Structure formats: C-alpha cells, structure tokens
Amino acid sequence: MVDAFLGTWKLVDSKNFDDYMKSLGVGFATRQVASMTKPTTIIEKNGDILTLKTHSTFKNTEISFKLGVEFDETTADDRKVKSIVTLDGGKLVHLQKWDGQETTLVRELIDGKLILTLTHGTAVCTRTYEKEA
Ligand SMILES: O=S(=O)(O)c1cccc2cccc(Nc3ccccc3)c12
C-alpha cells in the first residue's frame, strides 16, 4: 500500500546532497543553487498510476508511473534513464539505470516524516521532508 506516502512534502533537512549531485556529474553552479533551494515533493495516486512532482524556484520535474513497470524518465539533471518504482519493506524504491550506471532513490516513512535516501557510486544523501496540511 502506497497510501501513507501520498501528499505534499516539504524539505526540512539535507545531508550530502552535494556529494550525490557531484557523483552524478552535476556542475558546480547547479549544485550551488540546488543546495539552497527548498523543494516540494507531491505524490498523488489515480488507480494504479502514481504521479510524483518536484517543485521549486530552480528545477521542476514530474513523473507518472505504475509500481513495478519500467518507464522512461528524464531527470532534473538531464539524464535519460530507465526507471522502475517498487514497494520493498514498506519503502518506495526507485531505481534508475543509464549507460550501465545505477542510482536509487529510496523513500521511507519514519515517525510521519519522509526520509529520501539517494545513492550513486559511494555517495549517500539523506533528505528529510515533513507533510504539508
Ligand atoms: O529532484 S531531485 O530528486 O532532487 C534531483 C535528483 C537527482 C539529481 C538532481 C540534480 C540536480 C537537482 C535535482 N533536483 C532539485 C530539484 C529542486 C531543487 C533542488 C534540486 C536533482
């Protein structure tokens, strides 16, 4: 069940996002702006289709997908990837593949907060969000 992930989420803490972006080859100026931007994640459901929006003053993205079914995605940093999102241990696990590389975006609810763990190479970033009323 994906339902406790649904809603509007505001970033309240970030650890090692620069390391994660740098590992992906993101340029210094984008990392600089990204490091001070407050993003919002919106997750909504219509039947088996999830839509995940990222809104900010800098980058904005939107994806729609069915759990367990691969989809094409063009990321905020312009990578063209093959993606799949699955529930695993109650976590929303998003795997992206491109050029033989992989990165995971794992979302877990802890005490009503959404904890996003981003891993690429050796870099591990933890971004925490709080629900908007
Ligand atoms: O969407 S994210 O998943 O964070 C994202 C994931 C992976 C790489 C990213 C690189 C630059 C900016 C992002 N987003 C961003 C969006 C709004 C504000 C600041 C950064 C990246």
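Start at 1 and go down the list; that is how both ligands and their atoms are numbered. Index from 1, following the sequence.
Close approach to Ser56 involves these atoms of ligand 1, each under 4.0 Å from a residue heavy atom: 17 (C), 18 (C). Those atoms of ligand 1 that come under 4.0 Å of a heavy atom in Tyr20, given as number and element, are 7 (C). Here is the list of ligand 1 atoms found below 4.0 Å of a heavy atom in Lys59: 16 (C), 17 (C). The distance from ligand 1 to the heavy atoms of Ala76 drops below 4.0 Å at these ligand atoms: 13 (C), 14 (N), 21 (C).
Scanning the protein heavy atoms around atom 4 (O) of ligand 1, the nearest turns out to be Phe17 CZ, 3.5 Å. Of all protein heavy atoms, the one closest to atom 11 (C) of ligand 1 is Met21 SD, 3.9 Å. Among all non-hydrogen protein atoms, the one lying nearest atom 1 (O) of ligand 1 is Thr54 CG2, 3.9 Å. Protein heavy atom nearest atom 10 (C) of ligand 1, with residue, atom name and distance: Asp77 CB, 3.8 Å. In terms of protein heavy-atom proximity, atom 3 (O) of ligand 1 is nearest to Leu105 CD2, 4.4 Å.
For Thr103 (side chain) and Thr119 (main-chain N/O), a donor-acceptor pair under 3.5 Å exists by modelled atom type.
Of the candidates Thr8, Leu52, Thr51, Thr54, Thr8 is the only one forming a side-chain contact (heavy atoms from CB on, under 4.5 Å) with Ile42.
In this structure, NZ on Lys131 lies 12.5 Å from NZ on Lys10, to the nearest 0.5 angstrom.
Counting only residues at least two apart or in different chains, side chain to side chain donor-acceptor pair (under 3.5 Å) contacts with residues 27-37 comprise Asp18-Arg31.
Partners of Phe65 according to the ring pair (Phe, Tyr, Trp, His ring centres under 6.0 Å) rule, which considers only residues two or more places apart in sequence or in another chain, are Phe71.
The residues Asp72 and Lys82 are annotated as salt-bridged, a charged nitrogen and a carboxylate oxygen being separated by less than 4.0 angstrom.
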- Applying side chain to side chain contact (heavy atoms under 4.5 Å, CB included), run through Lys53 and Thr41 and close with a yes or a no. CA-CA 6 Å; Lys53 298 176 177 188; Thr41 306; over 6 Å; no

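At least one heavy atom of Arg79 sits less than 4.0 Å from an atom of ligand 1.
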